[PDB]
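Protein chains in written order, with PDB author numbering: chain f, 48 to 66, 84 to 138, 144 to 204; chain 8, 76 to 198; chain e, 43 to 104, 116 to 217, 227 to 279; chain XP, 60 to 179; chain 6, 27 to 163; chain m, 35 to 94.
Okay, structure first, notes after.
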Amino acid sequence: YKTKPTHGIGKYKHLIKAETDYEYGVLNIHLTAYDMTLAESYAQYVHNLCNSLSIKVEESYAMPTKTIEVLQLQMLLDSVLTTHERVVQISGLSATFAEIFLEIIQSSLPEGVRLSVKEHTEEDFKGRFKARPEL
Amino acid sequence: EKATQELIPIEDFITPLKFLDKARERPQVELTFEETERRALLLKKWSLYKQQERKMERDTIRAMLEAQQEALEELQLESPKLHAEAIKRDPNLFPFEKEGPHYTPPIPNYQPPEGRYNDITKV
Amino acid sequence: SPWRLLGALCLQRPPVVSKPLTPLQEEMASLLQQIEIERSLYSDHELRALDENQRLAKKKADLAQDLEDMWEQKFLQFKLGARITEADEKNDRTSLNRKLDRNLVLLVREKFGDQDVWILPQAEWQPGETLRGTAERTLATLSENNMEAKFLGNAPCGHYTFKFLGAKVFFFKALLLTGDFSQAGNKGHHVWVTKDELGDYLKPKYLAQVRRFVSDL
Amino acid sequence: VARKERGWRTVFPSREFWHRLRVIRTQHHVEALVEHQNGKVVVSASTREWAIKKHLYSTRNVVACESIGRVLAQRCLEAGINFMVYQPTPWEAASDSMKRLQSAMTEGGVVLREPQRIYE
Amino acid sequence: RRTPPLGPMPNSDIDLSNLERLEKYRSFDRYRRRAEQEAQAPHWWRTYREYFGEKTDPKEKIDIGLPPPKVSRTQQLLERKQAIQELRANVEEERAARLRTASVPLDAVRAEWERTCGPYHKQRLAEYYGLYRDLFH
Amino acid sequence: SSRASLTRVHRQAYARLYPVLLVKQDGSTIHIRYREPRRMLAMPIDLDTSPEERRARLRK
RNA sequence: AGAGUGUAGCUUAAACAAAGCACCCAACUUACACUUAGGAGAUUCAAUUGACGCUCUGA
């Protein structure tokens with residue numbers, strides 16, 4: 048009851064969420097590789113170590129894969150390969166901490182991988198949706 | 076513009092229509108007791124190995140962090156502006172690109188056969 | 043109060059070849075391959091193989118093998134790259150060919166009036182400059198060849214002092239993207255080296271702190 | 060004839076019992092407590108005890124769970140507690156460990172259903 | 027009208043100025059454990075305990091009885107470690123545990139229990155049944 | 035290092051994916067799991083702006 | 001060379017004992033997370049007092 052000292056004992060909305085340098089905007093991490101399983105395992109390791117370091121992770125998603133056909137014209146020969154792309158979004162990594170972060174990532178990086186790390190841009194987000202030609 | 080843009084389907088999360096045929100099915104060779112025991116022992120040994128790996132990873136990263144912070148606080152005590160200069164970010168360090176290791180090093184003089192490539196993707 | 047401030051760069055070359063797996067790692071890899079082939083589903087190869095074997099079985103009462122044999126022969130014909138170089142490990146210690154499995158770092162021949170020491174390159178800092186400035190100044194001075202050493206951080210990584227009067231060097235880290243070994247005749251004996259024989263080589267205790275600081279991995 | 064605390068329909072533990080079983084399995088040990096609605100224990104069992112731990116391989120496997128169950132059923136029907144109650148979560152009940160535990164207890168001779176209170 | 031809170035209000039130790047860094051209850055069981063320990067902790071407001079609890083005196087319960095023997099804890103733990111490591115080194119217990127077929131001698135367990143720590147459990151049972159409060163007041 | 039490479043195929047209903055070698059333009063070699071039991075694929079080159087260089091590599 | 005310190009990573013836990021948390025492998029999960037089923041750990045030595053390890057303070 049309001050008058051009594053027990054007021055406000057039950058409220059929880061202020062606990063739960065309502066809905084310069086050393087402040088790094090939302091960064092994106094692309095991982096391209098021929099092995100979908102290797103890509104997934106590396107992304108899983110990254111997500112687990114991020115959770116361990118208590119660094120925030122917005123979301124992780126897969127970009128549309130793509131298959132490429134290669135043909136040798138000495144005589145005509147054909148072959149095909151696939152390429153898979155994973156993406157992670159992070160934020161809040163400290164300045165000096167980002168150094169060791171990226172360094173450990175590079176060190177534990179396995180073969181058959183290409184990793185890019187950049188600032189999150191609307192271009193990346195709009196490159197996921199179908200390229201509707203009507204517009 | 077106000078329409079909810081669709082998302083390109085991922086071909087990895089879509090089982091090919093030609094994967095449900097019942098003609099593929101293989102006979103399943105029942106496992107032996109000793110082989111299953113070997114499998115379980117292998118799994119637990121590898122779990123131990125991985126936890127030791129992450130233990131030494133923790134140690135390395137903690138040592139690196141504490142040493143970096145010692146250097147940082149010494150620089151702060153000595154030069155009260157260069158520590159802020161170091162804490163400042165820098166844009167050229169955000170965009171990185173790197174490759175992974177290789178099963179073998181590049182050959183000094185090796186040319187591949189003459190061919191071309193072509194990407195194939197759908198909406 | 044005679045002081046002196048130095049900046050230094052430490053480039054870490056990552057290896058290009060995978061580290062040779064532990065026997066346990068290789069055995070569990072074989073086990074994973076076994077489990078994967080056990081749980082796997084049919085592919086076009088298995089389809090055509092089994093179907094044409096059954097076709098042959100039918101025709102007897104009434116190729117994939119050729120392709121895989123040809124592929125095996127092509128594999129045997131082709132030659133792979135070298136991993137370890139016994140000669141280059143000794144006579145070309147100042148080379149990349151000796152070790153492609155683990156990360157590398159260099160060391161320079163430095164001399165001081167008070168004590169001659171085998172240490173990592175450094176340079177003197179002046180006021181109108183950043184420590185990273187001194188770092189790229191040192192690399193541009195001591196490179197003497199075509200190679201770029203890209204940075205990975207602005208924060209300080211090492212702090213090491215010594216008295217005679228007082229000198230204080232701060233170490234930054236950097237990445238090694240390219241590198242050659244031209245101008246082989248040098249005063250400073252630059253040598254790409256790993257942590258083990260680095261520790262075996264050099265004496266100091268500030269350097270021992272460098273040892274425990276640098277990641278072994 | 061006693062009165063059990065009927066109510067608390069909104070909260071998960073239903074206090075309408077006389078003797079409750081509470082199982083706590085950690086990542087190191089496993090214990091089972093038979094207590095009264097007062098919150099005061101009447102009998103206990105735990106893998107932490109040396110008598111039970113010396114005979115066992117692991118303090119946390121299904122074997123440990125069913126062994127604690129059998130020992131606790133022995134203690135219960137020694138202490139006269141032939142009826143008792145157990146409020147598990149969905150996954151806690153679906154687990155094979157607790158399933159085999161309660162099966163061991165039932166075959167030991169204790170049912171996890173308490174009689175219906177009398178008064179006419 | 028308002029009044030100050032007598033005791034320290036709950037959920038006051040946490041900081042809300044920083045909320046995302048904080049760790050969250052990711053398990054009903056964690057929340058339940060927290061709740062049980064909170065409930066067993068005392069509080070200044072009126073609660074279930076001070077109505078439906080026996081209201082045991084805060085003073086000690088007098089018992090001039092047989093004290094425990096002086097057992098050398100060092101060699102006790104040493105022998106226990108020897109026993110547990112011998113058991114772990116044994117070979118059949120692995121398959122026994124991983125196939126869920128093992129058991130234990132009930133008689134031996136009972137004997138070792140009543141020798142080691144039976145008396146405490148029996149004291150608990152007695153004070154439950156009310157023998158002590160009725161006999162020795 | 036490379037430790038998270040060897041892994042279980044985190045997917046249900048996966049066809050045969052056998053290990054195979056892949057060679058880039060520089061001769062660098064890597065592993066990739068591929069459908070049929072190949073032994074190596076190789077990446078070719080198509081186009082540079084030098085017309086005389088294109089003609090020379092076509093001759094040789 | 002001198003000062004401090006000292007339970008597995010954390011906990012001023014210590015009888016009925018080395019407890020709880022943290023952590024790791026596998027499965028579901030796009031992934032994380034939950035959950036299930038499994039995995040390893042220690043108070044350095046002699047009687048709170050000394051002597052083996054740790055940090056700091058000097059050359």
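All C-beta atoms, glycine included, are put in the ideal place defined by N, C-alpha and C.
Contact belief for residue i with residue j at Cβ below 8 angstroms, rounded distance in angstroms
i                      : j                : result
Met143 (chain XP)      : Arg65 (chain XP) : Not really, about 18 angstroms apart at Cβ, beyond 8 angstroms.
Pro176 (chain 8)       : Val255 (chain e) : Incorrect: roughly 20 angstroms between the Cβ atoms, too far for contact.
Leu279 (chain e)       : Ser35 (chain m)  : 6 angstroms
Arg55 (chain e)        : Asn144 (chain e) : At roughly 20 angstroms, the Cβ-Cβ gap does not stay under 8 angstroms, so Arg55 (chain e) and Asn144 (chain e) are not in contact.
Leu184 (chain f)       : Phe169 (chain 8) : Contact flag wrong, Cβ pair sits at about 13 angstroms.
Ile83 (chain XP)       : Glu94 (chain XP) : Not quite, the Cβ-Cβ distance comes to about 12 angstroms (not below 8 angstroms), so this is no contact.
residue 223 (chain XP) : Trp77 (chain XP) : Because chain XP here runs from 60 to 179, residue 223 (chain XP) falls outside it and cannot be looked at.
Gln143 (chain 8)       : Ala208 (chain e) : 6 angstroms
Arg151 (chain e)       : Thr138 (chain e) : 6 angstroms
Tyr106 (chain f)       : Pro202 (chain f) : About 35 angstroms; that fails the 8 angstroms criterion.
CA-to-CA distance, residue j to residue i, given in whole angstroms
i                 : j                 : result
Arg137 (chain 8)  : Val110 (chain f)  : 18 angstroms
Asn95 (chain e)   : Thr151 (chain f)  : 29 angstroms
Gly61 (chain m)   : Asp167 (chain e)  : 50 angstroms
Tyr51 (chain 6)   : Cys114 (chain f)  : 18 angstroms
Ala103 (chain f)  : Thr96 (chain f)   : 7 angstroms
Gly261 (chain e)  : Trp171 (chain e)  : 11 angstroms
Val158 (chain e)  : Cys52 (chain e)   : 7 angstroms
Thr106 (chain XP) : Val121 (chain XP) : 12 angstroms
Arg27 (chain 6)   : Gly33 (chain 6)   : 19 angstroms
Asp165 (chain 8)  : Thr183 (chain e)  : 13 angstroms
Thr131 (chain f)  : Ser60 (chain e)   : 26 angstroms
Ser85 (chain e)   : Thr64 (chain e)   : 31 angstroms
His163 (chain 6)  : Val101 (chain XP) : 20 angstroms
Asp96 (chain 8)   : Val149 (chain f)  : 24 angstroms
Burial state of residue i, where buried means 16 or more other Cβ atoms lie within 10 Å
i                     : result
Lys85 (chain 6)       : exposed
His87 (chain e)       : buried
residue 280 (chain e) : Any answer about residue 280 (chain e) is impossible in this case: the structure gives chain e only from 43 up to 279.
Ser156 (chain XP)     : buried
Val156 (chain f)      : buried
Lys100 (chain e)      : exposed
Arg91 (chain m)       : exposed
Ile195 (chain 8)      : exposed
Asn44 (chain 6)       : exposed
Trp178 (chain e)      : buried
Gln175 (chain e)      : buried
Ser53 (chain 6)       : exposed
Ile64 (chain m)       : buried
Where residue i sits in the DSSP three-state scheme
i                 : result
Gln118 (chain e)  : helix
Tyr68 (chain m)   : strand
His153 (chain f)  : strand
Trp171 (chain e)  : strand
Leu92 (chain XP)  : strand
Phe78 (chain 6)   : coil
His69 (chain 6)   : coil
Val102 (chain XP) : strand
Chain f contact residues for residue i, given Cβ-Cβ distances below 8 angstroms
i                : result
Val198 (chain 8) : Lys199, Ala200
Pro34 (chain 6)  : The contacting residues do not exist; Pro34 (chain 6) stays about 11 angstroms from chain f at best.
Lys173 (chain 8) : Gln175, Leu178, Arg183, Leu184
Chain 8 residues whose Cβ lies nearer than 8 angstroms to that of residue i
i               : result
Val59 (chain e) : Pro176, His177, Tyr178, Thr179, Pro180
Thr63 (chain m) : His177, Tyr178, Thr179
Partner residues on chain m for residue i, Cβ-Cβ distance less than 8 angstroms
i               : result
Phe94 (chain 8) : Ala47, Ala49
Cross-chain neighbours of residue i in chain m, by beta carbon under 9 angstroms
i                : result
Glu132 (chain 8) : In chain order: nothing, as chain m lies at least about 10 angstroms away.
Partner residues on chain 8 for residue i, Cβ-Cβ distance less than 9 angstroms
i               : result
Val54 (chain m) : None at all; the shortest Cβ gap to chain 8 is about 11 angstroms.
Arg37 (chain m) : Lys125, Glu128
Partner residues on chain f for residue i, Cβ-Cβ distance less than 9 angstroms
i                : result
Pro188 (chain 8) : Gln136, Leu137, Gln138, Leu146
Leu140 (chain 8) : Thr165, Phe166, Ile169
Interface residues of chain e facing residue i [CB-CB closer than 7 angstroms]
i                     : result
residue 225 (chain 8) : Only positions 76 to 198 of chain 8 appear in this structure, which leaves residue 225 (chain 8) out of reach.
Listed by chain order, chain m residues near residue i by CB distance under 7 angstroms
i               : result
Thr90 (chain 8) : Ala47
Closer than 7 angstroms at the beta carbon, the chain 8 residues around residue i
i               : result
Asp60 (chain m) : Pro181
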